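Just one chain follows, in the form deposited in one PDB entry, and it is written as structure tokens.
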């Protein structure tokens, strides 16, 4: 018999959320505590141990859920991480879902300002393990459950399923051309946490025939779904997004399957960052004039909105064009969070115009 002290990791030179929130006392409490599906605390934290990362750029999360029982099994540790990631207290209750896109208020912007928009999310199937711990048979089941429910979509949501594992050269060139393909993870999170095992077994790409509704099966998560188009019609984007999701879930239930949802935390995925609504509403927004105002970042943060360049995590401004999105994932509903983007974009554009006319925006800015 070893003790937890004997197995406790030296995280002194680490830089991730798990390392900041892990204590020895917590380790001892959860060390030998195992989930229903055989998932361990060491398995939840192993990718953070294997990835000290850097003080220099991007503190990662350093931990993952193995299944739906992982959170409440290791509750004390996870509430700590969630607060750091989210500003969400242990006593905070994430509201019920809300995919009522008719109740969204004017998400139709000028193409002149909004060049393209999108909304994506993550989801998991309840009763299955998450990509870190799940088995081949589990992954195969998820693919059936999901690919089959996507086949039940008609109208503008009608599409087809492209399995990675039988992909041909003909379909593959297409999907690359469309930018819909995904490959085997090479990143450190995904490899070290177990989310690249058994490739390409269980993974596939599904899109609607309109090519404005894309789903990825068994990549980082069971389900990744994106609604997208050029121009400023976020409203059509949320319509499509909401409608597919609600319907997918429904056909899933007909067949005896449901989405992974926690009462306090909402929807569950492999990363603690992907929680609550798990919604990223964003636009590519052209802000020539606002760009150059000093209180631009101040307003943003007050609007609860994030900015980056139009190339992902680490891209700067180019042609005065920004990727604007809701910052929050928990505490608010799906459509509530899309509305933040709507209300925040509206202000942003009106302030840009104000400056183009050479006028003040002091009492346009929030607080």
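Positions refer to the first chain, counted from 1. So that the term is clear: the rigid core is the largest set of C-alpha atoms that superpose within 1.5 Å between two forms.
Just so you know, the form solved in complex with a small molecule exists too; it's not on screen, but the next bit is about it.
Taking non-hydrogen atoms only, residue 332 never approaches the small molecule to within 4.5 angstroms in the deposited bound form. For the chain shown alone, residue 143 is not a contact residue for the small molecule in the deposited bound form, no non-hydrogen atom being within 4.5 angstroms. Interface membership of residue 43, defined by any non-hydrogen atom within 4.5 Å of the small molecule in the deposited bound form, is ruled out.
The small molecule is not shown here, but in the deposited bound form it comes within 4.5 Å of a heavy atom of residue 189. Only one of 326, 35, 339, 61 comes within 4.5 Å of the small molecule in the deposited bound form through a heavy atom, and that residue is 61. A single residue from the set 147, 273, 262, 239 has any heavy atom within 4.5 angstroms of the small molecule in the deposited bound form; that residue is 273.
Contact with the small molecule, judged by heavy atoms within 4.5 Å in the deposited bound form, is confined among 297 to 305, 35 to 43, 66 to 74, 53 to 61 to 53 to 61. Per-residue Cα shift between this form and the one not shown after core alignment stays below 2 Å for all of 118, 203, 207, 123 except 118. In this overlay on the rigid core, residue 226 has a C-alpha that sits less than 2 Å away from its partner position between this form and the one not shown. A movement of the C-alpha atom of residue 351 reaching 2 angstroms or beyond is seen between this form and the one not shown when the two forms are aligned on their rigid core. Taking the rigid core as fixed, one finds a CA shift for residue 291 of 2 Å or more between this form and the one not shown. Inter-residue distance, residue 146 to residue 104 (Cα): increased by at least 3 Å in the deposited bound form versus the depicted form. Legend note: Cα of residue 126 to Cα of residue 99 is at least 3 Å farther in the deposited bound form than in the depicted form.
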